[PDB]
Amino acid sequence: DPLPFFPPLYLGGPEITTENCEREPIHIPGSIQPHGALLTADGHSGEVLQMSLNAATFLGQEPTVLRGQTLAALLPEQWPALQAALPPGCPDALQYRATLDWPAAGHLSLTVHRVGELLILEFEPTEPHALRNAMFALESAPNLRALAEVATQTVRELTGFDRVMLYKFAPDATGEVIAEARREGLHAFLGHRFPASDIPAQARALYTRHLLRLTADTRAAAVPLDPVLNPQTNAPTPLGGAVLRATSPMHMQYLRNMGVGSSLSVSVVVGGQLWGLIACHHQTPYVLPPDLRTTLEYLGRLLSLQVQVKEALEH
């Protein structure tokens, strides 16, 4: 039965059990994963409102100094570019990316998107023809099976992940592993099927709009935003569009129990519906840098197109 979200934990909401799966408000956890930092800022003035508690250690500045400046002063070269790329009223799915040379922290990748009147800024550390070669190989795959196999093998070669599966949704939202590339010694998940509650309904809706999410370390504690609520609204900060957003504790326990240290997945979206997932596992924690993740994002789109094409060749 579909039911509306509970309030999050920090607003006195209940703790999540196997009973109330579908009602966890996973998009507003009030916290991020510790391998990057996040700031929120007023979309018109550029006043800095919220920051992750670890921000001082990524950005090399005291909180009170950060919060006391506008983005115009903090990001003089990027602030006008942000404002042109992310105009008021734009969708929350639109992202702008730049690379910064920050004194204390080396090269940072900056990813920005806009939710209403809020700008959300994510900072992560950042670092030949493999993509072009893959694009052509995907297109020349003769059928859906060969496409799925080429796609899994390519992603594994690009990333070094221990296990890359193509996970396909059935009409009842159960899912099946239809191809996989895996490290020697791992047991096969090919042909296994998994029940619809394994990836509940509000996670699937979010995965139709925001096409990549990850858990770099399945044992890492989440880092709170400070303050936790958006001071504009005294309400929760929407983080569905932020890759740094903390992962559901229910989902992290599910991965730890499987022996997974690091998880990533890309959505494959066909005709406006979530067709499947490029799902990756690693046994140890593992951070895939932003520019490599971009390659996977591009492959997500290519695969969406090629899945349509291969399936049309099939009636």
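We number the residues from 1 along the sequence you see.
Trainee: Pick one of none, 1 to 3, 4 to 9 or 10 or more for the number of deposited-sequence residues not modelled between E157 and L158.
Mentor: In the record, the chain runs straight from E157 to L158 with none unmodelled.
Trainee: Per the PDB record, is the mean Cα temperature factor higher over 204-212 or over 191-199?
Mentor: Per the deposited B-factors, the answer is 191-199.
Trainee: Can you tell me which stretch has the higher mean Cα B-factor, 157-165 or 95-103?
Mentor: On average, C-alpha B-factors are higher across 95-103.
Trainee: Of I28, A56, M252, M258, which one's C-alpha B factor is largest in the deposited record?
Mentor: Across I28, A56, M252, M258, the entry lists the biggest C-alpha B-factor for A56.
Trainee: Hey, out of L144, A151, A84, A170, whose CA B-factor is highest in the deposited coordinates?
Mentor: Max CA B-factor in the entry, restricted to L144, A151, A84, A170: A84.
Trainee: Just say lowest, middle or highest third for the CA B-factor of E127 relative to the other modelled residues in its chain.
Mentor: According to the entry, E127 has a C-alpha B-factor in the chain's highest third.
Trainee: Where does the C-alpha B-factor of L296 rank in its chain, lowest, middle or highest third?
Mentor: Ranked within chain, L296 CA B lands in the lowest tercile.
Trainee: Taking the C-alpha B-factors as the PDB entry records them, is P231 in the lowest, middle or highest third of its chain?
Mentor: Answer is highest: the recorded C-alpha B-factor places it there.
Trainee: What third of the chain, by the recorded C-alpha B-factor, contains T111?
Mentor: Ranked within chain, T111 CA B lands in the lowest tercile.
Trainee: Comparing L75 with the other modelled residues of its chain, is its CA B-factor in the lowest, middle or highest third?
Mentor: Within its chain, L75 is a highest-third residue by C-alpha B-factor, going by the deposited values.
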